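Visitor: Questions regarding the structure given below will be posed in turn.
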Number of protein chains: 2
Amino acid sequence: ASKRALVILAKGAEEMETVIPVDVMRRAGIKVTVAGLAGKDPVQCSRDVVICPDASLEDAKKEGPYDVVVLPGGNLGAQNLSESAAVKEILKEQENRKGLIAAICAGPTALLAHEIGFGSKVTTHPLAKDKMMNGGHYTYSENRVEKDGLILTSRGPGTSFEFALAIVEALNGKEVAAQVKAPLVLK
Amino acid sequence: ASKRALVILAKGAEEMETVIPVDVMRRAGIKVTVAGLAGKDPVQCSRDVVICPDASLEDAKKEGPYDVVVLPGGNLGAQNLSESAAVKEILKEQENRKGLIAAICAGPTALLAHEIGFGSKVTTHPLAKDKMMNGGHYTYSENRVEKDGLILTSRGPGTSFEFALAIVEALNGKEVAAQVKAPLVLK
């Protein structure tokens with residue numbers, strides 16, 4: 001059976017960091033579920049791009065464990081993610097059952113909020129280092145993509161492809177990653 | 001003053017090639033109008049991402065002149081763009097009034113279908129080279145981004161950022177582009 005991914009779409013999420021991973025993972029054969037933090041209602045992202053979720057986070061949660069939970073960036077989205085109890089549940093479960101967690105840009109701040117992965121060496125969008133380090137609950141990295149255990153973090157929109165390909169590699173392997181990266185015409 | 005952009009979103013369009021340009025241009029202060037080809041209804045992109053257009057193409061055609069018309073890629077999306085008599089008119093007139101036209105990946109083939117910018121130097125996804133060069137109506141280019149006057153083309157998803165920033169530069173000068181590229185954490 002195909003690998004499964006859960007992308008939590010919160011109003012104000014950076015649409016590039018949302019779409020790039022969804023697209024790339026789906027190219028990898030991963031079955032992605034774009035869940036709206038507030039029902040299946042269309043979601044307005046950081047730059048007013050409107051995306052319709054496949055389902056609601058409520059109905060999505062009911063779909064057992066996923067091989068990866070993806071947290072998009074975007075300040076407003078990162079706040080909404082950080083203030084959701086339903087999101088803490090998902091992250092607690094994913095962490096306890098040893099499932100991968102991926103967050104990019106401002107997304108990792110949603111981890112500090114729900115106290116997910118303390119001690120983990122992570123990275124974020126440069127303009128969120130101090131906040132992510134607010135408490136000394138992590139070790140900071142400057143790497144475009146950072147994978148420490150089941151905590152995968154990235155820097156921003158311009159690292160979304162690397163971020164997404166890092167996820168594909170972790171779930172489906174390096175062969176599947178290279179194949180998905182072929183037609184993309186990257187660096 | 002504030003430049004305006006027309007992004008024609010059609011069923012099957014590559015969502016990364018659609019979102020990256022829209023997001024980047026807006027970050028650059030450009031007024032972007034994502035207009036749906038078939039209408040005002042949400043459109044299913046190549047990898048099943050669902051995007052809600054800002055308006056139908058019909059209504060957008062009324063919204064004043066656009067400094068740049070952007071054609072996202074994606075097989076089906078491009079195909080739908082190429083078979084659209086409405087898209088033809090829009091392109092012909094943008095060209096005539098010396099307005100910038102931008103197409104990426106398979107998007108360039110729409111220019112061919114509508115005989116737009118014949119004789120120009122262009123690039124496309126490697127897999128659409130022969131198709132684009134059938135009839136020798138253009139000079140092909142290997143560059144990740146090719147700007148031949150008012151005709152700007154690009155290769156694929158992985159060149160979406162350069163493609164977008166090139167548009168921003170073409171409309172707001174290399175100054176604004178520099179400011180927009182800065183927070184993206186690109187290569």
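Ligands are numbered from 1 in the order shown, residues from 1 within each chain, and chains are lettered A, B, ... in the order they appear in the structure tokens.
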Residues of chain A were defined as contacting chain B if any atom lay at most 6 Å from it, counting only C-alpha atoms; please report them as JSON, numbers by chain.

Guide: {"A": [16, 20, 23, 47, 50, 51, 52, 156, 157, 158, 184, 185, 186]}

Visitor: Least-squares superposition of chain B on chain A, all Cα atoms, in-order pairing: what RMSD comes out, in Å?

Guide: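 Rounded to one decimal, the C-alpha RMSD is 0.5 Å.
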
Visitor: Apply DSSP to the structure's backbone, then extract all residues of segment 47-132 of chain B labelled alpha helix (DSSP H) and return them as a CSV table (one decimal) with N, CA and C atoms, in the first residue's frame.

Guide:
```
chain,number,residue,atom,x,y,z
B,57,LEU,N,-12.2,34.1,-16.4
B,57,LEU,CA,-11.4,34.8,-17.4
B,57,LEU,C,-12.2,35.9,-18.0
B,58,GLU,N,-13.5,35.6,-18.2
B,58,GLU,CA,-14.4,36.6,-18.8
B,58,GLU,C,-14.5,37.8,-18.0
B,59,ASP,N,-14.6,37.7,-16.7
B,59,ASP,CA,-14.7,38.9,-15.9
B,59,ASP,C,-13.3,39.6,-15.8
B,60,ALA,N,-12.2,38.8,-15.8
B,60,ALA,CA,-10.9,39.4,-15.7
B,60,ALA,C,-10.6,40.2,-17.0
B,75,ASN,N,0.7,19.6,-18.7
B,75,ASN,CA,0.2,19.0,-19.9
B,75,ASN,C,-1.2,19.4,-20.2
B,76,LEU,N,-2.2,18.9,-19.5
B,76,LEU,CA,-3.6,19.2,-19.7
B,76,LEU,C,-3.8,20.7,-19.6
B,77,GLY,N,-3.3,21.4,-18.6
B,77,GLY,CA,-3.5,22.9,-18.5
B,77,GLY,C,-3.1,23.6,-19.8
B,78,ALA,N,-1.9,23.3,-20.3
B,78,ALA,CA,-1.4,24.0,-21.5
B,78,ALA,C,-2.3,23.6,-22.7
B,79,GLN,N,-2.6,22.4,-22.8
B,79,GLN,CA,-3.5,21.9,-23.8
B,79,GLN,C,-4.8,22.7,-23.8
B,80,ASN,N,-5.4,22.8,-22.7
B,80,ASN,CA,-6.7,23.6,-22.6
B,80,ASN,C,-6.4,25.1,-23.0
B,81,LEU,N,-5.2,25.6,-22.7
B,81,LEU,CA,-4.9,27.0,-23.0
B,81,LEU,C,-4.8,27.1,-24.5
B,82,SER,N,-4.1,26.1,-25.1
B,82,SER,CA,-3.9,26.1,-26.6
B,82,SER,C,-5.2,26.0,-27.4
B,85,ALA,N,-10.1,29.7,-27.8
B,85,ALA,CA,-10.1,30.8,-28.7
B,85,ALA,C,-10.1,32.1,-27.9
B,86,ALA,N,-10.6,32.0,-26.7
B,86,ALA,CA,-10.5,33.2,-25.8
B,86,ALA,C,-9.1,33.6,-25.4
B,87,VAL,N,-8.3,32.6,-25.1
B,87,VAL,CA,-6.9,32.8,-24.7
B,87,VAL,C,-6.2,33.4,-25.9
B,88,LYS,N,-6.6,32.9,-27.1
B,88,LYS,CA,-5.9,33.4,-28.3
B,88,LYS,C,-6.1,35.0,-28.4
B,89,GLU,N,-7.3,35.4,-28.3
B,89,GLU,CA,-7.6,36.9,-28.4
B,89,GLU,C,-6.8,37.6,-27.4
B,90,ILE,N,-6.8,37.2,-26.1
B,90,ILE,CA,-6.1,37.8,-25.0
B,90,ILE,C,-4.6,37.9,-25.4
B,91,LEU,N,-4.0,36.8,-25.8
B,91,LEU,CA,-2.6,36.8,-26.2
B,91,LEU,C,-2.3,37.7,-27.4
B,92,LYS,N,-3.1,37.6,-28.4
B,92,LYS,CA,-2.9,38.5,-29.6
B,92,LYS,C,-2.8,39.9,-29.2
B,93,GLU,N,-3.8,40.4,-28.5
B,93,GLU,CA,-3.9,41.7,-28.1
B,93,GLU,C,-2.8,42.2,-27.1
B,94,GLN,N,-2.4,41.3,-26.2
B,94,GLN,CA,-1.3,41.7,-25.3
B,94,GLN,C,-0.1,41.9,-26.1
B,95,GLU,N,0.2,41.0,-27.1
B,95,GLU,CA,1.3,41.1,-27.9
B,95,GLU,C,1.3,42.4,-28.8
B,96,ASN,N,0.1,42.7,-29.4
B,96,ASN,CA,0.0,43.9,-30.2
B,96,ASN,C,0.2,45.2,-29.5
B,108,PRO,N,4.6,27.3,-23.0
B,108,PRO,CA,5.0,27.9,-24.3
B,108,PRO,C,4.2,27.3,-25.5
B,109,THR,N,3.9,26.1,-25.5
B,109,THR,CA,3.1,25.5,-26.6
B,109,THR,C,1.8,26.2,-26.9
B,110,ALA,N,1.3,26.9,-25.9
B,110,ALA,CA,0.1,27.7,-26.1
B,110,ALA,C,0.4,28.9,-27.0
B,111,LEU,N,1.6,29.4,-26.9
B,111,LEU,CA,2.0,30.5,-27.8
B,111,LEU,C,2.0,30.0,-29.2
B,112,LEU,N,2.5,28.7,-29.4
B,112,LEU,CA,2.6,28.1,-30.7
B,112,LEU,C,1.1,28.0,-31.3
B,113,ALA,N,0.3,27.3,-30.5
B,113,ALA,CA,-1.1,27.1,-30.9
B,113,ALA,C,-1.8,28.4,-31.4
B,129,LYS,N,10.4,20.3,-26.3
B,129,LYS,CA,11.2,21.0,-27.3
B,129,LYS,C,10.8,20.7,-28.7
B,130,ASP,N,10.8,19.5,-29.1
B,130,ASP,CA,10.4,19.1,-30.5
B,130,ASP,C,9.0,19.7,-30.8
B,131,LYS,N,8.0,19.5,-29.9
B,131,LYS,CA,6.7,20.0,-30.1
B,131,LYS,C,6.7,21.5,-30.4
B,132,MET,N,7.4,22.2,-29.6
B,132,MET,CA,7.6,23.7,-29.7
B,132,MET,C,8.3,24.1,-31.0
```

Visitor: Can you list, as a ChimeraX atom specification, every residue of chain B that DSSP puts in strand (DSSP E)?

Guide: /B:4-9,31-36,43-44,50-52,55-56,68-71,100-104,121-122,139-140,145-148,151-154

Visitor: May I have the residues from that selection written out with C-alpha atoms, as a PDB file, in the first residue's frame?

Guide:
```
ATOM      1  CA  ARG B   4      -1.023  44.208 -12.812  1.00  0.00           C
ATOM      2  CA  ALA B   5      -0.791  40.546 -13.771  1.00  0.00           C
ATOM      3  CA  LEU B   6      -3.178  38.117 -15.440  1.00  0.00           C
ATOM      4  CA  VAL B   7      -2.610  34.450 -14.601  1.00  0.00           C
ATOM      5  CA  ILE B   8      -4.849  32.158 -16.653  1.00  0.00           C
ATOM      6  CA  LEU B   9      -5.544  29.055 -14.584  1.00  0.00           C
ATOM      7  CA  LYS B  31      -1.777  43.176  -8.409  1.00  0.00           C
ATOM      8  CA  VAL B  32      -2.305  39.587  -9.539  1.00  0.00           C
ATOM      9  CA  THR B  33      -5.595  38.298 -10.913  1.00  0.00           C
ATOM     10  CA  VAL B  34      -5.850  34.511 -10.988  1.00  0.00           C
ATOM     11  CA  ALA B  35      -8.601  34.046 -13.567  1.00  0.00           C
ATOM     12  CA  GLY B  36     -10.177  30.686 -14.320  1.00  0.00           C
ATOM     13  CA  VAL B  43      -9.870  24.303 -10.679  1.00  0.00           C
ATOM     14  CA  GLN B  44      -8.247  20.890 -10.290  1.00  0.00           C
ATOM     15  CA  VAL B  50      -7.661  22.573  -5.880  1.00  0.00           C
ATOM     16  CA  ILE B  51      -7.334  26.320  -6.387  1.00  0.00           C
ATOM     17  CA  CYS B  52     -10.117  28.890  -6.322  1.00  0.00           C
ATOM     18  CA  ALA B  55     -12.434  35.448 -11.094  1.00  0.00           C
ATOM     19  CA  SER B  56     -13.554  33.893 -14.373  1.00  0.00           C
ATOM     20  CA  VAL B  68       1.856  40.690 -18.052  1.00  0.00           C
ATOM     21  CA  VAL B  69      -0.126  37.612 -19.078  1.00  0.00           C
ATOM     22  CA  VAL B  70       1.175  34.444 -17.398  1.00  0.00           C
ATOM     23  CA  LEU B  71       0.632  30.935 -18.753  1.00  0.00           C
ATOM     24  CA  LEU B 100       4.775  41.157 -21.737  1.00  0.00           C
ATOM     25  CA  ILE B 101       3.738  37.513 -22.141  1.00  0.00           C
ATOM     26  CA  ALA B 102       5.171  34.806 -19.855  1.00  0.00           C
ATOM     27  CA  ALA B 103       4.885  31.016 -20.193  1.00  0.00           C
ATOM     28  CA  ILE B 104       6.679  28.197 -18.390  1.00  0.00           C
ATOM     29  CA  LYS B 121      13.929  32.906 -28.992  1.00  0.00           C
ATOM     30  CA  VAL B 122      12.277  30.560 -26.504  1.00  0.00           C
ATOM     31  CA  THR B 139      14.650  29.795 -32.048  1.00  0.00           C
ATOM     32  CA  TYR B 140      15.037  27.329 -29.177  1.00  0.00           C
ATOM     33  CA  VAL B 145      14.683  31.508 -18.357  1.00  0.00           C
ATOM     34  CA  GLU B 146      14.614  33.138 -21.787  1.00  0.00           C
ATOM     35  CA  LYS B 147      13.410  36.706 -22.256  1.00  0.00           C
ATOM     36  CA  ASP B 148      13.347  37.727 -25.921  1.00  0.00           C
ATOM     37  CA  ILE B 151       8.338  37.073 -24.740  1.00  0.00           C
ATOM     38  CA  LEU B 152       9.514  35.403 -21.524  1.00  0.00           C
ATOM     39  CA  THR B 153       9.619  31.610 -21.299  1.00  0.00           C
ATOM     40  CA  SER B 154      10.939  29.110 -18.746  1.00  0.00           C
TER      41      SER B 154
END
```

Visitor: By how many Å are atom CA of residue 173 of chain A and atom CA of residue 72 of chain A apart?

Guide: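 So the two atoms, atom CA of residue 173 of chain A and atom CA of residue 72 of chain A, lie 22.3 Å apart.
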
Visitor: Would you compute the distance between atom CA of residue 1 of chain B and atom CA of residue 28 of chain B? Give it in Å to one decimal.

Guide: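 Taking atom CA of residue 1 of chain B and atom CA of residue 28 of chain B, their separation equals 12.3 Å.
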